[PDB]
Asker: 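Take a look at this one; I'll ask things after.
Residue numbering restarts at 1 for every chain, and letters A, B, ... go by the order of the sequence lines. The analysis underlying the following values was restricted to heavy atoms, covering all of them including side chains, and did not include hydrogens, waters or symmetry mates.
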Amino acid sequence: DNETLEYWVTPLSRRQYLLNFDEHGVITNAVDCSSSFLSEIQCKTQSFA
Amino acid sequence: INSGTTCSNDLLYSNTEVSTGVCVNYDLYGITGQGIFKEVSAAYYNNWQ
Ligand SMILES: *[C@@H]1O[C@H](CO)[C@@H](O)[C@H](O)[C@H]1NC(C)=O
Ligand SMILES: *[C@@H]1O[C@H](CO)[C@@H](O)[C@H](O)[C@H]1NC(C)=O
């Protein structure tokens with residue numbers, strides 16, 4: 001019947017994010033603050049745009 | 001400290017009503033402070049929040 005087992009694993013570490021909470025209190029967006037330059041601008045302005 | 005359900009019954013008091021409109025002190029299961037309450041119809045709390 002064309003099925004597959006999949007189990008993707010990545011490691012964890014302690015780092016700072018910028019999280020976005022909507023009206024209902026759900027996390028809808030996130031950005032790792034030390035991944036790129038746009039992420040650096042987004043975490044220094046605390047804005048997703 | 002000052003949040004949770006492992007409470008010390010060295011100083012014991014009785015439960016009061018959550019009165020709105022007036023400036024009060026509060027002790028809400030550990031959280032202390034001063035302020036004004038107002039009952040709202042909120043729908044963003046889960047079973048663990
Ligand atoms: C399973 O995948 C193959 C791919 O070649 C396809 O030909 C076949 O029809 C698929 N079976 C079902 C039940 O979809
Ligand atoms: C101000 O006083 C009135 C009665 O003296 C009371 O009903 C009202 O709640 C008070 N307002 C505040 C903000 O404490």
Asker: When rounded to the nearest 0.5 angstrom, what is the spacing between OH in B:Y29 and OG in B:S3?
Answerer: 12.5 Å

Asker: Could you tell me the separation between the CG atom of A:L12 and the OG1 atom of A:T10, rounded to the nearest 0.5 Å?
Answerer: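 The OG1 atom of A:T10 is 7.5 Å from CG of A:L12, to the nearest 0.5 Å.
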
Asker: Counting C-beta onward and ignoring hydrogens, is there a side-chain heavy-atom pair between B:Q34 and B:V24 closer than 4.5 Å?
Answerer: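 Result no, sub-4.5 Å side-chain heavy-atom pair not found.
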
Asker: Is there side-chain contact between A:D32 and A:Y17, with heavy atoms separated by less than 4.5 Å?
Answerer: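 A side-chain contact under 4.5 Å exists here.
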
Asker: Of all the heavy-atom pairs spanning A:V31 and A:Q42, show the shortest one and how long it is.
Answerer: CG2-OE1, 3.8 Å

Asker: At their closest point, which heavy atom of B:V22 faces which heavy atom of B:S19, and how far apart are they?
Answerer: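 Nearest pair, atom of B:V22 first, then B:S19: CG2-OG, 4.1 Å.
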
Asker: What is the minimum heavy-atom distance between A:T45 and A:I41, and which atoms define it?
Answerer: OG1-O, 2.8 Å

Asker: Knowing that exactly one of A:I27, A:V26, A:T28 qualifies, which makes a side chain to side chain contact (heavy atoms under 4.5 Å, CB included) with A:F21?
Answerer: A:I27

Asker: What closest approach, in Å, do B:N2 and B:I31 show between heavy atoms, and which atom pair accounts for it?
Answerer: O-CD1, 3.4 Å

Asker: Any chain of hydrophobic side-chain contacts (each under 4.5 Å) joining A:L18 to A:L38?
Answerer: no

Asker: Mark yes or no for whether B:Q49, through its side chain, and B:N46, through its backbone, hold a donor-acceptor pair below 3.5 Å.
Answerer: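 Yes; judged by distance alone, with no hydrogens or angles, the pair exists.
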
Asker: So do B:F37 and B:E39 actually touch side chain to side chain, heavy atoms under 4.5 Å?
Answerer: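 They are not in side-chain contact.
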
Asker: Can you spot which of A:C33, A:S39, A:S34 makes a side chain to side chain contact (heavy atoms under 4.5 Å, CB included) with A:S36?
Answerer: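 It is A:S39; the other options fail the test.
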
